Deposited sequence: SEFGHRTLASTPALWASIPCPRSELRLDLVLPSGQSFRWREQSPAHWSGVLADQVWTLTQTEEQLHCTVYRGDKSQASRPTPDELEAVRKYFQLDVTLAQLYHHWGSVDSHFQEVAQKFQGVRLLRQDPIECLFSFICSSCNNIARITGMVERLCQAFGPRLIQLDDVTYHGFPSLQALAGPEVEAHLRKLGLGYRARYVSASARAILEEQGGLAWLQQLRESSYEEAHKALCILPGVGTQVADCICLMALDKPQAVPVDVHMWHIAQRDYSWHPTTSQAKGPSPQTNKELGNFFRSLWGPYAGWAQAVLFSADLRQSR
């Protein structure tokens, strides 16, 4: 059918594949795992969301990642469009090589890895990432998802409508920094997060030199980037690490939340050796990130994603 969300069966000629075995990527273990909060499984095994300013639907078979895009006459995705998809999933980073290494250095990762293959990091937009995670504060993945889409519906560009879903592009800096945005976000249920969204939008635009400041962080060192990000209102150590890891190409960045504390304790009998505190605190959190980084290497943030994800299923 010409309407509604597509499916591999439904509209055969509208899809194009990207070679990709399930061992290198698993949508159901990545898309709803707290990295991006903008993907939904409309029909079973089919995920629809905004990717590179367009709406896509993705579904995978054992060796292929099937993609379809909604923009002109309907048609399969072009090689360039598909390239953007390959880019978003950083398919050039070989998950098999990373899992192997992590496995040989961490007997525990080995055990968990066997059952949770295909977990990788998405290369996200700094702006979308920065604001989505500002909303992470004392919040669960479902509530976060709700806030973010409401935020996008209210200040994001209208893209296309499939069934009763009107997809929106992520709001721009200028839009989020607009008069009365906070008040609006509060009526949307973001709570005290409304304030930080507005504050950070204005901060970047009226104090840091704008969008470029954020984007230039991809060329900066992990340390510089993380240091810079913490300046923004509502952006602490954890949020900045998420941004570094998920959007600034800092693969060693390890977000330390309660989840990783439970993992560190239960699975590694970890204890803080520096800080004198027995639980989560700025100094012990820093210490843990260094513990994982020392344990897994340069792509510790990635290894972190595999366990965080596995810890969510449970």
Deposited-sequence segments unaccounted for in the coordinates: 72 to 74, 318 to 319
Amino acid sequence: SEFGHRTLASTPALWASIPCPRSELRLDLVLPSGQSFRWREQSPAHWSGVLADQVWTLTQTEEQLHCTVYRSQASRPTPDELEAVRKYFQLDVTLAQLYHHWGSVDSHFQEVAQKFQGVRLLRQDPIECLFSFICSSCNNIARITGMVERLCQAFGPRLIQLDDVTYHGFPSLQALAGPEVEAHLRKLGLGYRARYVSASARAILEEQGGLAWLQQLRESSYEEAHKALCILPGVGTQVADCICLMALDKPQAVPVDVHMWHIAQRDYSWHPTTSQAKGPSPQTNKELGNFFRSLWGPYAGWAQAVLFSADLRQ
From here on, numbers count along this sequence of modelled residues.
Is the mean CA B factor in the deposited entry higher across 75 to 83 or across 133 to 141? 75 to 83
Could you check which stretch, 153 to 161 or 199 to 207, carries the larger mean CA temperature factor in the entry? 199 to 207
With respect to the C-alpha temperature factors reported in the PDB entry, which of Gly234, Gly178, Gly118, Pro126 ranks highest? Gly234
The residue of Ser172, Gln97, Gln90, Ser104 with the maximal C-alpha B-factor according to the PDB record is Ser104
Entry-reported Cα temperature factor of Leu58, expressed as the chain third it lands in: lowest
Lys250, C-alpha B-factor rank within chain (lowest, middle or highest third): middle
Taking the values exactly as deposited, rank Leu214 by C-alpha B-factor within its chain and report the matching third: lowest, middle or highest. highest
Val112's Cα B-factor: lowest, middle or highest third of the chain? highest
Would you please rank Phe291 by its C-alpha temperature factor against the other modelled residues of its chain and give the third it falls in: lowest, middle or highest? middle
